[PDB]
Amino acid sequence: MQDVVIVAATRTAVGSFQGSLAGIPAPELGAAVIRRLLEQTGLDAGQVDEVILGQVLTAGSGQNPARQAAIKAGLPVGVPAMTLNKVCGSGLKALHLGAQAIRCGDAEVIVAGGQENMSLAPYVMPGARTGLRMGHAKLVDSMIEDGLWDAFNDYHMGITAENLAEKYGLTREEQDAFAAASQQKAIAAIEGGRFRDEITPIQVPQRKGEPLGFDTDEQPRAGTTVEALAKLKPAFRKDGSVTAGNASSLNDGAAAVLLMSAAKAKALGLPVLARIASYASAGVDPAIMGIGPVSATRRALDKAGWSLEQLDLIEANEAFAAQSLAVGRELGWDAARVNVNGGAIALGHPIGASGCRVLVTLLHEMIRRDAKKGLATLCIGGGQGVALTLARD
């Protein structure tokens, strides 16, 4: 069996909804991060064994979005590719599948991550194929239906967040305070240059002129305070506490890593950024999907033989302030080690990419701080979680 290492890790800056990446299909964002990984390592494209990319919103995307990213990146036709959907966890579960293929010797080199363009997710017209017959019909927002709506309880992810606010007695004010601190940390990280190493610029075609470079996360909102956030109306339930300001946003982006066997990295003479110590999935009740990270984290820590207090750094994707605070209540983690450069409330949640986006952020901040142990974890719509651990010597 082989040990699995990361030799390159990169992401796009994260675009806002109908923002800077709104014209660029998800597989072109994937292609741009694949090219960068090969540039950073000087790796011949022929050395890649597989491309594994998460993407949730694939209506009208064409055959196999992961194959589109691989071909558009200039990888030869001989490199196989697959797309996966574990909703919000897709981009991290891609690394789990790549690690598995490398551990059992099916591959030595894998590109793994995710890509999502929520801006470009289309409307869908069920029933037009066979006949609507009569009566007004529903033109379905595929982003909501396929990305943000619970298939079992017939309500938004935001109601799952209301459920956790109730269960843990989390107040509006606690949720707003968490949201403001995420904003403050993201703006400080951006201004402090903490995202420069991890970001691949996208050359965005303009209406007129040469392309403009997009290289700076654009979701964070200056001047976010508990006082401004207190004015917002509840977004999902009349007397609710979850708002657009303490929830993650809608976003565009891609993120990927170059996985290898430790043996292959050494044979190529590539420096190792981190080893993968463990990975895990878990399932929970869809009604409280935001708690998925608790069991996923405990399983990953158990598989690595670690205790939570040994983690130097944690990236716990911020689907909703209520969801994040609920995970922190259950795990009893030190919040000062969690999302130290800000989280998805400030930076965005480009669903199928977020799992790899938070992993890339974790890895670069671990290198900066000389951290030895880190965890990436995400909740998943439909009631699941993923977690993955990274180690450095």
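Numbers for residues come from their place in the sequence shown, where the first is 1.
Stretches 144 to 152 and 259 to 267 differ in mean C-alpha B factor, with the higher average recorded for 259 to 267. 179 to 187 and 210 to 218 differ in mean CA B-factor, and the higher of the two is recorded for 210 to 218. Across the residues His364, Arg329, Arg67, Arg357, the deposited record lists the maximum Cα B factor for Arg329. You'll see in the entry that, of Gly348, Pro27, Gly46, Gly60, the Cα B factor peaks at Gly46. Among the modelled residues of its chain, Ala13 has a C-alpha B-factor that falls in the middle third, as given in the PDB entry.
Annotation for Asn341: C-alpha temperature factor in the middle third relative to the rest of the modelled chain, per the entry. Split the chain's modelled residues into thirds by C-alpha temperature factor. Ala335 is in the highest one. Sort the modelled residues of the chain by CA B factor and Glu116 lands in the lowest third. When the modelled residues of the chain are ordered by their C-alpha B factor, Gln323 lands in the middle third.
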